[PDB]
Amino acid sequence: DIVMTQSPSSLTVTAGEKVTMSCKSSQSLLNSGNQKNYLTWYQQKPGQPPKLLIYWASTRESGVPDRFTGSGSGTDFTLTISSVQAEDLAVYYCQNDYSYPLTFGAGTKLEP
């Protein structure tokens, strides 16, 4: 139903460098009732389970570093990292947490 599109798919980065990822949704994820956008970002290292980075499109999970900033509204969202670190090389997924069925984007893999 709700299609999640992320770009770019692959991204060669260097430590200290800044990176911006984009995730566009099929339909709006903004709940006019609380003005909150039901979009969440994930991080996934190989052979590891998905990790919650940000929910409500901009609220950081208890634990994640500030260098992880999420923003956007309704249909367009983006993930940002000021001066990417080494342990920041995983795959990032955005997920529609608004309505059923839950859908994830294909993700963006940060490369060396």
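In case it trips you up, residue 1 is the first one in the sequence shown, and so on.
Engineer: Which has higher Cα B-factors on average according to the PDB entry: 55 to 63 or 41 to 49?
Structural biologist: Higher mean C-alpha B-factor in the PDB entry: 41 to 49.
Engineer: Look over 92 to 100 and 16 to 24 in the entry and identify the one with the greater average Cα temperature factor.
Structural biologist: It is 16 to 24 that shows the higher mean C-alpha B-factor.
Engineer: So among 31, 69, 75, 83, who wins on Cα B-factor in the entry?
Structural biologist: Reading the PDB entry, the winner on C-alpha B-factor is 83.
Engineer: If you rank the chain by CA B-factor, which third does residue 2 end up in: lowest, middle or highest?
Structural biologist: It belongs to the lowest third of the chain when residues are ordered by C-alpha B-factor.
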